[PDB]
Amino acid sequence: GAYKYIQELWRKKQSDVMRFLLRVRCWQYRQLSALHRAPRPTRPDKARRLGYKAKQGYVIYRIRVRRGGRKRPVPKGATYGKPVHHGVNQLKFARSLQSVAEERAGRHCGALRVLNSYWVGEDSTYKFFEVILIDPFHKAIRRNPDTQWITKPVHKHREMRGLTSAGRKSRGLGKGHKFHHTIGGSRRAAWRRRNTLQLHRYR
Amino acid sequence: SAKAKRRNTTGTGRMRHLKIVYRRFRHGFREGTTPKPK
Amino acid sequence: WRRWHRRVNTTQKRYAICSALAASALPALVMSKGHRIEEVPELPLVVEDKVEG
Amino acid sequence: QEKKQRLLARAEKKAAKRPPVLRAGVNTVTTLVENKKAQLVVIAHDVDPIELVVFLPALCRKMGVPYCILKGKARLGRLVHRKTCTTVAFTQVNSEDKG
Amino acid sequence: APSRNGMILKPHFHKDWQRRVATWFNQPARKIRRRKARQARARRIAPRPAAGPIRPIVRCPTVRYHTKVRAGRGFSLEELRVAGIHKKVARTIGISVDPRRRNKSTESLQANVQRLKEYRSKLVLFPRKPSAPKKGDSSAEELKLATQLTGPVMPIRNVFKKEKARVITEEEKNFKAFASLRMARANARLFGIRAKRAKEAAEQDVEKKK
RNA sequence: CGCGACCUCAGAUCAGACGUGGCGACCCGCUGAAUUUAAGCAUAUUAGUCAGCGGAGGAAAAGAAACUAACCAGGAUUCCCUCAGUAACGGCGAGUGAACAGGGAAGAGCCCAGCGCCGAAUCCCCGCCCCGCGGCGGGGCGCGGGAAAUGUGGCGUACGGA
RNA sequence: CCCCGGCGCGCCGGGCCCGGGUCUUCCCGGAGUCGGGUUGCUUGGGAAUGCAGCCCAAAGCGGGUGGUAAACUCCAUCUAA
Ligand SMILES: [Mg+2]
Ligand SMILES: [Mg+2]
Ligand SMILES: [Mg+2]
Ligand SMILES: [Mg+2]
Ligand SMILES: [Mg+2]
Ligand SMILES: [Mg+2]
Ligand SMILES: [Mg+2]
Ligand SMILES: [Mg+2]
Ligand SMILES: [Mg+2]
Ligand SMILES: [Mg+2]
Ligand SMILES: [Mg+2]
Ligand SMILES: [Mg+2]
Ligand SMILES: [Mg+2]
Ligand SMILES: [Mg+2]
Ligand SMILES: [Mg+2]
Ligand SMILES: [Mg+2]
Ligand SMILES: [Mg+2]
Ligand SMILES: [Mg+2]
Ligand SMILES: [Mg+2]
Ligand SMILES: [Mg+2]
Ligand SMILES: [Mg+2]
Ligand SMILES: [Mg+2]
Ligand SMILES: [Mg+2]
Ligand SMILES: [Mg+2]
Ligand SMILES: [Mg+2]
Ligand SMILES: [Mg+2]
């Protein structure tokens with residue numbers, strides 16, 4: 001039951017123990033490159049409850065993403081339009097920094113399949129995420145029925161289509177009165193349905 | 001430029017390999033067999 | 001998406017089937033439709049059910 | 001290797017008791033400590049991430065299980081015929097070794 | 001511009017609606033495609049009922065529809081438990097199961113339990129191996145007569161209890177439906193405030209007392 | 001000093017694999033105007049639309065409730081009819097604008113981590129023998145190599161489970 | 001007249017040594033996530049529908065929802081990351 005203790009310990013992120021580990025680890029992650037293959041999960045309990053298994057064909061990558069919002073990439077701040085669209089600062093990006101992290105791992109390792117990721121550190125400038133990827137051609141993966149699903153071509157670049165857990169959170173999905181925007185599967189699916197004129201033969 | 005996309009899209013050229021795929025598809029991409037000899 | 005199709009009420013469609021049948025049993029109307037029925041024994045013309053086979 | 005010989009010997013015996021052993025793994029040792037079934041817990045000094053065992057010394061003390069810290073997770077690895085081991089535990093010993 | 005009397009209209013044609021017009025000329029084609037798949041499915045699963053698994057009886061929510069019963073999604077685990085059908089075995093013999101649904105009242109529960117017992121009585125069960133019958137399998141004489149059922153299985157209907165005419169009693173004549181209705185609304189409206197006023201008075205009187 | 005484990009990290013035309021580019025009607029993720037309407041115009045509208053970027057598949061996405069309700073209750077997702085130009089939003093102007101219930105199309109449900117028990121009971125690769133071999137797998141044998149106690153496999157997952 | 005497929009029936013070598021009910025004793029959950037403030041966008045969502053950045057930062061008869069902000073109190077309904 002060690003994973004029970006570790007999970008609870010990683011909930012005390014302002015304790016003396018955990019603050020010391022986060023601070024020194026963030027320092028160490030900061031001296032490496034923005035994309036860096038990790039030898040093992042820094043968080044074995046968090047990794048495994050996100051689908052990671054300790055077998056050949058599962059790999060970890062540590063991604064560093066710059067913190068903060070999204071500046072509008074217009075020259076000299078000119079947007080050339082109406083005042084409603086003059087904003088340059090204080091704009092936010094539609095997707096989380098964790099999702100950006102997974103996309104940067106998924107794009108680099110185009111032959112792997114991103115599964116999930118998790119938080120490992122941050123300072124004022126960077127957030128650090130470890131991404132769980134799978135090699136879809138290792139026979140430890142192809143011959144396991146419980147992981148054959150992610151070797152299918154329909155699961156190529158999940159992180160790049162908002163399919164991972166981090167990515168799908170910015171899509172406004174969910175059941176109930178809070179998520180009417182995406183009835184039909186997505187915002188555009190709801191829009192097309194609500195904006196298509198049904199002209200029946202007999203009308 | 002829709003006009004520019006149809007000047008150099010798939011089909012405008014030779015289809016050297018794609019049009020043999022279209023023929024092979026109709027027989028399930030069979031390989032390693034021949035019609036029964038005379 | 002021109003409106004190519006028309007709804008006709010069922011009661012009126014059946015009305016139209018009844019008028020067609022009533023007008024089909026009158027020699028004057030059938031002759032006035034161009035049919036050569038000057039020697040048909042009777043109108044309406046009923047034939048035995050053997051013909052169905 | 002020698003599990004194969006034990007299994008084959010049982011096959012011959014079938015045709016014609018568990019001795020004490022070290023318990024390895026922070027998950028196995030943890031359950032044993034909580035159950036008070038462990039007699040002595042040996043913990044590697046250089047487990048990394050340290051959170052894997054950072055709680056174990058305090059847990060053993062709460063349960064009254066004697067524990068020690070040893071230099072080298074590789075030395076505990078060599079005991080269990082693996083590269084590394086975070087911690088091991090004695091649950092039972094033979095009578096000649098009780099002292 | 002408006003012209004004399006008329007209605008004020010706000011057509012929603014201020015977008016590129018012609019880029020998203022859905023015509024229905026494929027409607028006959030869809031009807032033939034769906035029909036051709038119902039038939040091909042009925043042949044595949046024969047002699048199992050073409051409609052599908054038996055569905056329970058449920059009451060429609062809200063006050064506009066709670067007078068009607070319709071087919072639900074699946075039988076509740078309490079209904080299946082009372083009828084002695086294992087929940088994993090239920091689907092294998094054409095019974096639909098809904099683990100989400102709850103049973104708040106007994107009548108609805110017992111209505112669906114009798115439904116399951118009646119369905120179980122009409123079930124003709126072919127042995128897994130044709131040549132080797134087993135304990136629960138139907139007899140060969142009733143396997144010959146087995147035929148595929150069309151339409152929903154044991155269709156659900158709203159049946160009304162006819163009440164015959166009876167002599168009106170003086171107690172029903174003296175009942176005041178409207179006065180009763182108006183006073184019932186008022187009591188519900190003032191129930192909370194009346195108790196609050198009563199509680200204060202008790203405290204108000206108690207303080208003088210002691 | 002030397003030797004040996006481990007950890008972290010390197011170089012190999014190392015053995016065997018895999019990604020790249022295209023097409024893009026339909027699909028998913030971003031980013032994203034201004035003509036235009038408001039008889040002016042700045043919010044608003046145009047419009048989450050054009051343009052731009054990324055990623056797919058024969059479909060995609062979604063999907064088995066941290067749901068709807070407030071009923072005598074329903075019961076994953078998607079689609080059709082209706083709800084409904086309605087509740088609501090809006091220089092409350094111009095304009096915009098869903099959901100639940102109800103009737104249908106279809107209908108299918110499941111799996112981990114965790115908590116535990118099982119002597120790691122698990123997996124990959126090499127070499128030899130039999131079978132198959134244009135979808136590279138089945139069985140047998142190796143005091144063959146590695147992975148894996150920093151946790152593989154079997155039981156089991158909220159409908160409870162052991 | 002060719003070929004491909006589907007559906008059936010036997011042999012060989014393997015794998016499984018498989019379930020229901022009633023009691024008894026035990027066990028049971030996803031965190032820089034929820035939630036809150038603020039900013040920007042977005043929605044019919046209006047003392048703030050969804051999303052995102054920064055700050056704060058959980059609990060365990062708890063947590064979320066219960067379309068008007070908030071305290072107290074019952075209820076209903078689910079079980080997020
Ligand atoms: Mg946007
Ligand atoms: Mg899919
Ligand atoms: Mg969130
Ligand atoms: Mg005029
Ligand atoms: Mg090579
Ligand atoms: Mg104007
Ligand atoms: Mg004008
Ligand atoms: Mg102008
Ligand atoms: Mg504007
Ligand atoms: Mg808009
Ligand atoms: Mg475009
Ligand atoms: Mg592109
Ligand atoms: Mg591509
Ligand atoms: Mg393709
Ligand atoms: Mg989901
Ligand atoms: Mg549904
Ligand atoms: Mg109306
Ligand atoms: Mg709009
Ligand atoms: Mg509905
Ligand atoms: Mg139907
Ligand atoms: Mg487990
Ligand atoms: Mg559930
Ligand atoms: Mg969950
Ligand atoms: Mg915008
Ligand atoms: Mg808006
Ligand atoms: Mg309220």
Side-chain angles (χ1 to χ4, degrees), chain A residues 1 3-4 7 10-11 13 39-41 44 48-51 53-56 67-70 81-85 87 90-96 109-111 119 122 135-140 146 153-154 156-157 160-163 165 167 169-173 175-181 184-189 191 194, chain B residues 9-10 28 31-32 35-36, chain D residues 1 3 18 21 24-28 31 47-49 52 72-75 77-78 80 82-86, chain E residues 10 12 14-16 34 52 58-66 72-73 77 86-87 98-101 104-105 107-108:
Chain A
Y3 296 134
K4 184 82 215 158
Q7 172 184 244
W10 263 81
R11 292 179 180 204
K13 283 177 172 80
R40 67 192 66 259
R48 72 192 296 88
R49 85 178 65 102
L50 290 168
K53 275 283 162 85
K55 58 178 74 172
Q56 284 164 336
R67 291 190 78 182
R70 196 185 177 274
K82 310 188 188 187
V84 59
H85 297 126
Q90 304 206 332
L91 303 176
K92 284 85 195 187
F93 177 46
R95 304 160 46 228
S96 61
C109 308
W119 180 92
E122 80 200 14
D135 184 5
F137 289 81
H138 201 281
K139 293 294 176 175
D146 279 28
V154 89
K156 290 162 176 182
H157 291 296
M160 268 178 226
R161 302 182 282 134
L163 303 184
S165 167
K169 278 172 186 178
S170 73
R171 295 173 62 201
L173 306 157
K175 278 161 157 165
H177 74 274
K178 294 178 170 305
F179 306 102
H180 294 158
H181 320 274
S186 95
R187 280 191 185 99
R188 283 198 21 181
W191 189 85
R194 290 164 189 182
Chain B
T9 179
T10 298
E31 287 169 26
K36 54 182 298 333
Chain D
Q1 148 58 9
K3 174 160 170 178
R18 289 270 273 283
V21 66
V26 68
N27 270 270
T28 289
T31 305
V47 174
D48 189 0
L52 281 150
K73 69 193 163 191
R75 275 208 284 178
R78 280 301 220 193
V80 299
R82 291 191 288 279
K83 274 179 293 188
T84 291
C85 205
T86 51
Chain E
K10 287 188 180 178
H12 286 52
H14 296 92
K15 295 174 192 182
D16 206 4
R34 285 170 173 191
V58 307
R59 201 153 279 273
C60 308
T62 85
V63 298
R64 174 175 187 191
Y65 292 109
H66 63 183
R73 182 192 174 76
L77 303 184
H86 195 287
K87 74 178 178 177
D98 190 358
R100 274 181 294 275
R101 187 155 68 76
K104 283 180 77 179
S105 51
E107 287 75 4
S108 63

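Naming: A, B, ... by sequence-line order, numbering from 1 per chain.
Shown here are the side chain to side chain contact (heavy atoms under 4.5 Å, CB included) partners of A:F137, two or more places apart in sequence or in another chain: A:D135, A:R142. Take B:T9 and apply the side chain to side chain contact (heavy atoms under 4.5 Å, CB included) test, not counting sequence neighbours, and it matches B:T12. Residues meeting the salt bridge (charged side-chain N to carboxylate O under 4.0 Å, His left out) test with A:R67, sequence neighbours left out: A:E122. Residues passing the salt bridge (charged side-chain N to carboxylate O under 4.0 Å, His left out) test with E:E107: none are found, sequence neighbours excluded. With sequence neighbours excluded, no residue forms a salt bridge (charged side-chain N to carboxylate O under 4.0 Å, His left out) with E:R73. Annotation: side chain to side chain contact (heavy atoms under 4.5 Å, CB included) contacts of D:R78 (sequence neighbours excluded): none. Applying the side-chain hydrogen bond (donor to acceptor under 3.5 Å, both in side chains) criterion to A:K82, with sequence neighbours excluded, gives no partner residue. Residues meeting the side chain to side chain contact (heavy atoms under 4.5 Å, CB included) test with A:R161, sequence neighbours left out: A:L163.
Because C1'-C2'-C3'-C4' is positive for F:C141, its sugar is assigned to the north class. Using the sign of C1'-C2'-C3'-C4' as the criterion, F:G154 is classed as a north pucker. Using the sign of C1'-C2'-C3'-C4' as the criterion, F:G95 falls on the north side of the pucker cycle. Pucker annotation for G:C17 reads south, on the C2'-endo side, since its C1'-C2'-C3'-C4' dihedral is below zero. For F:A42, the torsion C1'-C2'-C3'-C4' is below zero, which places the sugar in the south, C2'-endo range.
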What does nucleotides 26-33 of chain G look like as a protein-contact string, B for base, S for sugar-phosphate only, - for none, at under 4.0 angstrom between heavy atoms? ---SBBB-
What is the per-nucleotide protein-contact pattern of nucleotides 157-162 of chain F, from the 5' end, where B denotes a base atom under 4.0 Å from a protein heavy atom, S denotes such proximity for sugar-phosphate atoms only, and - denotes neither? --BS--
I'd like to compare against my own output: the B/S/- annotation of nucleotides 138-150 of chain F with a strict under-4.0 Å heavy-atom distance to protein. ----SB--BSSBB
At under 4.0 Å between heavy atoms, which parts of nucleotides 47-60 of chain F does protein reach? Answer with one letter per nucleotide, 5' to 3': B base, S sugar-phosphate only, - none. SSSS---BBSS--S
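Between the side chain of A:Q90 and the base of G:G40 there is no donor-acceptor pair of N/O atoms closer than 3.5 Å. Within 3.5 Å, a donor on the side chain of A:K92 pairs with an acceptor on the base of G:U39, or the reverse. A donor N or O paired with an acceptor N or O is found under 3.5 Å between the base of F:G97 and the side-chain atoms of E:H12.
One P atom belongs to F:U157, the other to F:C111, and the distance between them is 7 Å to the nearest Å. Taking atom P on both nucleotides, F:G97 is separated from F:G107 by 34 Å, rounded to a whole Å. Rounded to the nearest Å, the gap between the P atom of F:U45 and that of G:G46 is 14 Å. Here, F:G52 and F:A99 have their P atoms 31 Å apart, quoted to the whole Å. Annotation: F:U78 and F:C28 have their P atoms spaced 13 Å apart (nearest Å). Taking the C1' atoms as reference points, F:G57 lies 48 Å from F:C41, given to the whole Å. Taking atom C1' in both F:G95 and F:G85, one finds a spacing of 12 Å when rounded to whole Å. Separating the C1' atom of F:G137 from that of G:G8 is a span of 26 Å, rounded to the nearest Å.
No side-chain donor-acceptor contact under 3.5 Å links A:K53 to the backbone of A:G51. At distances below 3.5 Å, not a single donor-acceptor pair connects side-chain atoms of A:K178 with backbone N or O atoms of A:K175.
Within the 4.0 Å cut-off from OP1 or OP2 of F:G24, at least one side-chain nitrogen or oxygen of B:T9 is found. Put simply, A:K175 has a side-chain N or O that comes within less than 4.0 Å of OP1 or OP2 on F:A64. A sub-4.0 Å separation between OP1 or OP2 of F:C67 and a side-chain N or O of A:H177 is absent.
For G:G67, the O4'-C1' to base torsion is within 90° of 0; the nucleotide is therefore syn. By the rule that a glycosidic angle within 90° of 0 means syn, G:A69 does not qualify and counts as anti. Base orientation of F:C115: syn (glycosidic angle within 90° of 0). Nucleotide G:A71 carries an anti base; the chi torsion (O4'-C1'-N9-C4 or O4'-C1'-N1-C2) is more than 90° from 0. Base orientation of G:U42: anti (glycosidic angle beyond 90° from 0).
Base contact: E:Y65 has a heavy atom under 4.0 Å from a base atom. Backbone-only contact: A:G69 has heavy atoms under 4.0 Å from sugar-phosphate atoms and none from a base. E:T62 comes within 4.0 angstrom of a nucleotide base, judged by non-hydrogen atoms across all strands. D:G77 comes within contact range of no nucleotide atom at all, as no heavy-atom separation falls under 4.0 Å. Heavy atoms of E:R73 sit under 4.0 angstrom from at least one base atom. When heavy atoms are screened at a 4.0 angstrom cut-off, B:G28 is found touching no nucleic acid atom at all.
Stacking check, G:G35 with G:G36: both criteria met, centre separation under 5.5 Å and interplanar angle under 30°. Neighbouring nucleotides G:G44 and G:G45 have six-membered base rings whose centres lie under 5.5 Å apart with planes under 30° to each other, which meets the stacking criterion.
Checked against F:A62, F:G153, G:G50, the side chain of A:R171 finds its nearest nucleotide in F:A62. Set against F:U31, G:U65, F:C123, the side chain of A:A140 has F:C123 as its closest nucleotide. The side chain of A:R187 sits closest to G:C51 out of F:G32, G:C51, F:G75. Distance from the side chain of E:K10 is smallest to F:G95 among F:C112, F:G95, F:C9.
A:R49 is not listed as a side-chain neighbour of A:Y3, based on a closest heavy-atom distance of 4.5 Å or more.
Mapping A:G162 and E:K104 onto RNA chain F by nearest heavy atom places A:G162 at the nucleotide closer to the 5' end. Ranked by how close their nearest RNA chain F nucleotide is to the 5' end, A:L91 and D:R78 are led by D:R78.
Between D:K3 atom NZ and F:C118 atom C1' there is a gap of 10 Å when expressed in whole angstrom units.
In this structure, F:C117 and F:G154 make a Watson-Crick or G-U wobble pair, each of the two defining distances being under 3.5 angstrom.
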